[PDB]
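J.: in the first instance, please consider these chains from the complex; the rest will follow:
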Amino acid sequence: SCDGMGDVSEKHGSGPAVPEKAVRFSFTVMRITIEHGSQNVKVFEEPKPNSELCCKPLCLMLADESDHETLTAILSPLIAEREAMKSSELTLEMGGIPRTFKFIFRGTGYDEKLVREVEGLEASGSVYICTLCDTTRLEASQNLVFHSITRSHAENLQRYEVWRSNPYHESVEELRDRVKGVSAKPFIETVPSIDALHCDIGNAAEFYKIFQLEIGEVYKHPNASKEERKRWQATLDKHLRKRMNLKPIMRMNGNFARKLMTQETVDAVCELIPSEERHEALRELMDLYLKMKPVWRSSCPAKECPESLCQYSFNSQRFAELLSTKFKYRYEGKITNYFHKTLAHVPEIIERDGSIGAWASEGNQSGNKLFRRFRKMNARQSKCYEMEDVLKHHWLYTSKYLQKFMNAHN
């Protein structure tokens, strides 16, 4: 996992000019498996996958997440070590007996922004919207149900090779179509996945947009001024404060997103739309979304919600049909990234891995919180010593050996 941290103040004193940002890097074990007899069996799986108590910090630096040169200069040794370790075996003494270890690396705790920045793809506002398939933003507003995972590390390297060498000697747009939007050399081999937290945040923000559009009844008035939309948003915020006891926040977070997705929320919102058909539309929309969410948000969907898993394709097709039929005023020729991903890639993801919510990047954010706490109250107040102290204290805090001394009741 990895993420950039803004709003990290700089101290006085001597040393180089440190930027006002921060970037972390951590890892977490998931499941240990032994090959006994003729099959495999797990020995120790993480009970709390997104807990902060198992997010072991590895690297810490104070640099911009967009400073590509410095970022690569810092992270190249770690990637070299990872590549060297991906084809070796470890001998280790456990209880006085040598043991054998072999690793399988998987990097999923990367938000889409950093995935795009590292894998050498284009920005989020690009026409090639997905990071798993090769569709554009236009077809992503027509099909919605038939796609397949195609992107891969080796394919990205080959694409970049083609982009640099230009064998066929074609134009810039033809070469872009041939490369599918690659303009940089990847340097971190990752796997195609979906961050659950950011997906939920984007979905909740888009729903909020849909609600504040439906209040104004835009489905019959295609023209609207600027103050009208602001008024509409203010009315929605006041109604939410009055009914749902929620606070109007400027930037979408997780708790607001969780409290927003509820049937009675839509019921309260229906007090603002004089129509009747749009009420049915919104209610069926929220019902489909809440029936779909546990498929990609639960810990183990194969056991906690098999009905939602087996009945997912029909629900997704009905969701796309409802978007194309009743919400034609907005979803004709454009669609967000997470809608496409959720509707056209997650069944293969569960069938290939088994879960998504366990591979999220929540623990990384809790580690960012612990970092903000430690840097301020558990470090030496000096540029030369603060990061070492924070790293050591966080490594000590993450250690499970010290945590075992706390469950002294059982």
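T.: In hand now; what should we look at? Numbering: from 1, shown residues only, chains lettered A, B, ... in the order given.
J.: for the rest of this, base every contact and every neighbour count on C-alpha atoms.
T.: Will do.
J.: so for whichever strand or helix holds residue A:230, what gets flagged as buried?
T.: Element membership of residue A:230, judged by DSSP states H and E, is helix A:226-243. Neighbour counts over helix A:226-243 (16 or more other Cα atoms under 10 Å) mark A:232, A:233, A:236, A:237, A:238, A:239, A:240 as buried.
J.: reformat those as JSON lines; add distance to residue A:388.
T.: Output for the buried residues of helix A:226-243, formatted as JSON lines (distance: Cα to Cα, whole Å):
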{"residue": "A:232", "distance to residue A:388": "50"}
{"residue": "A:233", "distance to residue A:388": "46"}
{"residue": "A:236", "distance to residue A:388": "48"}
{"residue": "A:237", "distance to residue A:388": "45"}
{"residue": "A:238", "distance to residue A:388": "47"}
{"residue": "A:239", "distance to residue A:388": "49"}
{"residue": "A:240", "distance to residue A:388": "45"}
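J.: please, where are all the helices along the stretch 301-410 of chain A?
T.: Counting by DSSP state H, counting those that start in this stretch, the stretch 301-410 of chain A has helices at residues A:301-304, A:306-310, A:312-325, A:337-344, A:346-352, A:362-377, A:386-398, A:400-403.
J.: mind listing what the residue nearest to the spatial centre of chain A touches?
T.: Nearest to the geometric centre of chain A sits residue A:195, at 2.3 Å (Cα atoms, centre = their mean). Counting by Cα atoms under 8 Å, 6 or more residues apart in numbering, residue A:195 touches A:108, A:109, A:110, A:111, A:112, A:356, A:359, A:360, A:361.
J.: what are the ranges of the helices in the stretch 1-150 of chain A?
T.: Along the stretch 1-150 of chain A, counting by DSSP H, counting those that start in this stretch, helices occupy A:68-85, A:112-118.
J.: just the ones you listed: most buried one?
T.: For the helices of the stretch 1-150 of chain A, the largest average neighbour count (mean count of other Cα atoms under 10 Å) is found in helix A:112-118, namely a mean of 18.
J.: what's the next secondary structure element after that helix?
T.: Counting by DSSP H and E, what follows helix A:112-118 is helix A:153-165.
J.: give the buried residues for that next one.
T.: Within helix A:153-165, the residues that qualify as buried are A:153, A:156, A:157, A:159, A:160, A:161, A:162, A:163, counting by 16+ other Cα under 10 Å.
J.: next one: that helix to chain centre, how far?
T.: Chain-centre distance of helix A:153-165: 25 Å, with Cα atoms, centre = their mean, to the nearest Å.
J.: chain B next, sequence below:
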Amino acid sequence: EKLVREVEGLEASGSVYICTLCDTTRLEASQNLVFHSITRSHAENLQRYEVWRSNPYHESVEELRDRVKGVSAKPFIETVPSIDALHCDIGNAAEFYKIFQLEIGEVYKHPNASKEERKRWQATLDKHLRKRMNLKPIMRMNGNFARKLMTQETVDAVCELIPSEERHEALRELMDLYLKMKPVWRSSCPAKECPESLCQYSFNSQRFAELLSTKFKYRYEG
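T.: Chain B goes in next, on the same frame as the chains above:
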């Protein structure tokens, strides 16, 4: 100072009646700088407000305002007419910093300057203080930045940029007088820790005011 202006029944700080202890105006406080007693009690503010409300002399706006010395609100808290040392230090540090900015740009030689020149002067001063005093640029004047900015070595680092030489001695004497006046209003007991500074405070303050009036006319004129 702001809450004092509010609760005691006074206007904002940017007015012409500046002091909350004496009732002098801006110009008369920019001329004298030395002799000012205090006649401003709490019941006096109530009397001022009653005069401002009743208007017994049926005067105009300006005449009645001059009579009440700028009172337009009924007081509701009895405060002690004292000085906040922390905000005083912050304001003095900010003013000095502005004086350093103006000194670097040679404003006394060129009374005209664009905003971009001001920006470049401030950036140069910030970079020099960062490379020679281990400090960083800050938006609002801090507290530790104030205490650490007020040193002789800071005056030296600033003089490392001024091409003139009389300005150097002027700033040296300015900072010396300020450091001679500082321990009076910062100690828990000046009459038992630094009695020399207390006994020699009036002379130092008069020389400070004379310096400001004579060799800092480009800023403190009126």
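J.: picking up where we left off before, how close does the residue nearest to the centre of chain A sit to residue A:358?
T.: As judged by Cα to Cα, to the nearest Å, residue A:195 and residue A:358 stand 10 Å apart.
J.: likewise for residue A:324?
T.: From residue A:324 across to residue A:358, the span is 32 Å (Cα to Cα).
J.: just residue A:408 next, same as before
T.: Using Cα to Cα, we find residue A:408 at a distance of 28 Å from residue A:358.
J.: more neighbours, these two?
T.: A side-by-side neighbour count of residue A:408 and residue A:358, using other Cα atoms under 10 Å in any protein chain shown, places residue A:358 first with 20 against 6.
J.: surely the more buried one touches residue A:296?
T.: No: if you go by Cα atoms under 8 Å, residue A:358 and residue A:296 don't touch, sitting 9.7 Å apart.
J.: need the three-state assignment for the residue of the stretch 101-250 of chain A found nearest chain B.
T.: Closest contact between the stretch 101-250 of chain A and chain B, by Cα to the nearest Cα, is at residue A:250 (24.5 Å). What DSSP: H, G, I helix; E, B strand; the rest coil gives for residue A:250 is coil.
J.: what's around it, how many residues?
T.: Neighbours of residue A:250 (other Cα under 10 Å): 6.
J.: could you do the one 4 residues further on as well?
T.: Burial of residue A:254 is recorded as 14 neighbouring residues (other Cα under 10 Å).
J.: isn't it up against residue A:202?
T.: No: with contact defined as Cα under 8 Å, residue A:254 does not reach residue A:202; the gap is 10.0 Å.
J.: OK, now which residue of the stretch 1-150 of chain A is nearest to chain B?
T.: Proximity of the stretch 1-150 of chain A to chain B (Cα to the nearest Cα) peaks at residue A:13, 4.4 Å away.
J.: which residues touch that residue?
T.: Residues near residue A:13 by Cα atoms under 8 Å, 6 or more residues apart in numbering or on different chains: A:382, A:383, B:133, B:134, B:135.
J.: hmm, 10 Å instead?
T.: A:382, A:383, A:384, B:130, B:131, B:133, B:134, B:135, B:136 (Cα atoms under 10 Å, 6 or more residues apart in numbering or on different chains).
J.: then residue A:301?
T.: A:294, A:295, A:307, A:308, A:309, A:350, A:354, A:355, A:356, A:357.
J.: give the contact list for the residue of chain A positioned farthest from its centre.
T.: Most distant from the centre of chain A: residue A:96, at 41.5 Å, with distances by Cα atoms, centre = their mean. Residues in contact with residue A:96 (Cα under 10 Å, 6+ apart): none are found.
J.: while you're at it, add chain C from this line:
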Amino acid sequence: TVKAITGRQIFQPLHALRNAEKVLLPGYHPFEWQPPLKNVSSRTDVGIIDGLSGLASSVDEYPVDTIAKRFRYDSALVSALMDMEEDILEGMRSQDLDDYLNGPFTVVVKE
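T.: Putting chain C onto the chains we already have gives this:
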């Protein structure tokens, strides 16, 4: 953790601390003003009085959108004076003064 590992109670449970807190908090020591305080109740067991002071919050009245909590001023002063008993006693003993003296002490408070 300490109780489960060491098999004994080096520390006290939470309810004991909660019960002990009620001594340092205001509204626990008796007192009285020889000149009765005008417009101030003489009761001496009030704790955290509401900050709004019974402000009218009806729909017709001026709207209220603030919350506040606070103590009684005199009870707070009594509690503060009772907190510094040992200091005053040691000061009287050190300045060559008999402790049983009950002269009219003068107190200065900075707000």
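J.: quick recheck of the contacts of residue A:301 now chain C is there?
T.: Contacts for residue A:301 (Cα under 10 Å, 6+ apart) come out as A:294, A:295, A:307, A:308, A:309, A:350, A:354, A:355, A:356, A:357.
J.: apply 7 Å and report the result again.
T.: Neighbouring residues of residue A:301 by Cα atoms under 7 Å, 6 or more residues apart in numbering or on different chains: A:295, A:309, A:355.
J.: check the gap between the residue in chain C positioned nearest to chain B and chain A for me.
T.: Using Cα to the nearest Cα, the closest approach of chain C to chain B is made by residue C:111 at 9.2 Å. Shown here: residue C:111 relative to chain A, a distance of 30 Å by Cα to the nearest Cα, to the nearest Å.
J.: give me the neighbour count for that residue.
T.: Residue C:111, neighbours per other Cα under 10 Å, totals 4.
J.: that one and residue A:51, how far apart?
T.: Relative to residue A:51, residue C:111 is positioned 46 Å away (Cα to Cα).
J.: which residue does the stretch 1-150 of chain A have closest to chain C?
T.: Counting by Cα to the nearest Cα, the stretch 1-150 of chain A gets nearest to chain C through residue A:53 (18.1 Å).
J.: how about that residue, what does it touch?
T.: residue A:398.
J.: apply 8 Å and report the result again.
T.: Contacts for residue A:53 (Cα under 8 Å, 6+ apart) come out as A:397, A:398, A:399, A:400.
J.: can you say which of those are buried?
T.: Buried members of the contacts of residue A:53, counted by 16 or more other Cα atoms under 10 Å in any protein chain shown: A:397, A:398.
J.: from the contacts of residue A:53, which is closest to residue C:87?
T.: Among the contacts of residue A:53, residue A:397 lies closest to residue C:87 (Cα to Cα), at 41.7 Å.
J.: how about the nearest residue to residue A:300, chain neighbours excluded?
T.: Spatially, and ignoring its direct neighbours in sequence, residue A:300 is nearest to residue A:355 (5.6 Å; Cα to Cα, 6 or more residues apart in numbering or on different chains).
J.: hmm, that neighbour is touching residue A:304, no?
T.: No: in this structure, residue A:355 is not within contact of residue A:304 by Cα under 8 Å, at 11.1 Å.
J.: relative to residue A:255, how far out is the residue nearest to the centre of chain A?
T.: Separation of residue A:195 from residue A:255 (Cα to Cα): 16 Å.
J.: would you state the strands of chain C in chain order?
T.: C:49-50, C:69-70 (DSSP state E).
J.: hey, which of these is tucked in deepest?
T.: When neighbours are counted by mean count of other Cα atoms under 10 Å in any protein chain shown, the highest per-stretch mean among those falls to strand C:49-50, a mean of 14.
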